[PDB]
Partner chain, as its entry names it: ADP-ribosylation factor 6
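Read the single chain below, which is given as structure tokens and is the form solved without its partner chain.
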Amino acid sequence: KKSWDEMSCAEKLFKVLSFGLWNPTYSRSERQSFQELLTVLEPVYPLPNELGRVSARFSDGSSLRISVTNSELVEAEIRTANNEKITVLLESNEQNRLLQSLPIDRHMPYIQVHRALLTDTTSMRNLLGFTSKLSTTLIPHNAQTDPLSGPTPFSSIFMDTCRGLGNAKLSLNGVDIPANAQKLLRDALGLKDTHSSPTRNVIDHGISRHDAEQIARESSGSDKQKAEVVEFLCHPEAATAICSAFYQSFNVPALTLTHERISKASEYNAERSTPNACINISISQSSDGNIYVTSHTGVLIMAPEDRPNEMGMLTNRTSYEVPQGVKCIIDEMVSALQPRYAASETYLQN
């Protein structure tokens, strides 16, 4: 810090969020840095009375933490490199705009719609790196569409994982795992090709420490966080959590009502010839040991009939704790994991 009015990253991000992230005033140049801050946000293991819980740890040494209760009251704490512990309660209607701007799932009588601030796929991947940080509406359970009901639940995890890793956006404890690094991880699990499953060593003891370390070395984050990661991977449950995350059938409750518009979109697109979907995943282990997976699949979608010719992104969230003591084993994962499913639609302004 070199100036009294110089804010930590944590503080900068928080002010922007409550003021409104879509507030028109922004300088575009501000909009760019604002997104670059918003992506440090990570959903983590919530507690008894929390809708969801967000955590951001910046490079400057600041930390933003935010809890949203079931009744929707927000508590944010900001820490800084100089040990200030700023705290703020939003219990009136002050959290009004803030709720739209977080990795949380809300009870909502219709599907949440957002706006950006989309030709090629570099574009498509960034749009989801944005919406994976916005809010989603919860999809109520139905037996006909829960991937975890029916015949062969979790049958594709290893295949889905094998082909997912190298192509995903992926965070472990807020440390980004780049494509090269994911590939090492895939190997480290024993996933050579489309039809292999994981070596029983990994299933019983997580990744080896030797691999766990190189993988971190090759990723992007703080030394403290890389160390958090290495410990995470040397755990059986990291296996469960990583593989479960890639389970494509998580998209089914979301696709049930949207699949027709998703088609119109590949069609509307096909007259221009291309991929449709991408992945963005955050996994976190709380300091108390708890594993949480938030899994995102971004997908191109046509808007409803009222706005023809507009294409946006359906963003599907799948969220769950992976309870200590659950190895990566279908019949096991099936009775232990309890995914919760939410979506959002984002469209471009103009």
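Numbering follows the first chain given and starts at 1. Shifts are known only where both forms have a C-alpha. Take the two forms, superpose them, and find the largest set of C-alpha atoms that agree within 1.5 Å; that set is the rigid core.
What comes next is about the form solved in complex with its partner chain, which is not displayed.
Novice: Three residues, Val113, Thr258 and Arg261; all within 4.5 Å of its partner chain in the deposited bound form via heavy atoms?
Specialist: Yes, all three are in contact.
Novice: Could you confirm whether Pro140 comes within 4.5 Å of its partner chain in the deposited bound form, counting heavy atoms only?
Specialist: Contact check for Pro140: yes, within 4.5 Å of its partner chain in the deposited bound form.
Novice: Check whether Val88 has any heavy atom within 4.5 Å of a heavy atom of its partner chain in the deposited bound form, and answer yes or no.
Specialist: Outside the cut-off, so no.
Novice: Examine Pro304 and determine whether its closest non-hydrogen atom to its partner chain in the deposited bound form is within 4.5 angstroms.
Specialist: Heavy-atom contact with its partner chain at 4.5 Å: present for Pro304.
Novice: Whether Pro109 contacts its partner chain in the deposited bound form should be assessed with a 4.5 Å heavy atom distance threshold; does it?
Specialist: Yes, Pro109 sits close enough to its partner chain in the deposited bound form that at least one of its heavy atoms falls within 4.5 Å.
Novice: Can you tell me which of 95-103, 203-211, 130-138, 69-77 lies within 4.5 Å of its partner chain in the deposited bound form, counting heavy atoms only?
Specialist: Looking at the other structure, the answer is 130-138.
Novice: Align on the core first; then indicate which of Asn201, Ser92, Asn167, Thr256 has a CA shift of 2 angstroms or more between this form and the one not shown.
Specialist: None of the others reach 2 Å, which leaves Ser92.
Novice: For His210, decide whether the Cα shift between this form and the one not shown is 2 Å or greater, given a superposition on the rigid core.
Specialist: No, the C-alpha moves less than 2 Å.
Novice: Using the rigid core as the reference frame, would you say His107 shifts its C-alpha by 2 Å or more between this form and the one not shown?
Specialist: No; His107 is a residue whose C-alpha shifts by less than 2 Å between this form and the one not shown when the cores are overlaid.
Novice: What direction does the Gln95-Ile86 Cα distance move in the deposited bound form compared with the shown chain, closer or farther, given a change of 3 Å or more?
Specialist: They are farther apart; the C-alpha distance rises by 3 Å or more in the deposited bound form.
Novice: Thinking of the 3 angstroms or more shift, are the C-alphas of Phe58 and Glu94 brought closer or pushed farther apart in the deposited bound form than in this view?
Specialist: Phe58 and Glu94 sit farther apart in the deposited bound form.
Novice: Give me the stretches of at least three consecutive residues whose Cα atoms move by 2 Å or more between this form and the one not shown once the core is superposed.
Specialist: Runs with every C-alpha shifted by at least 2 Å: 91-96, 192-194.
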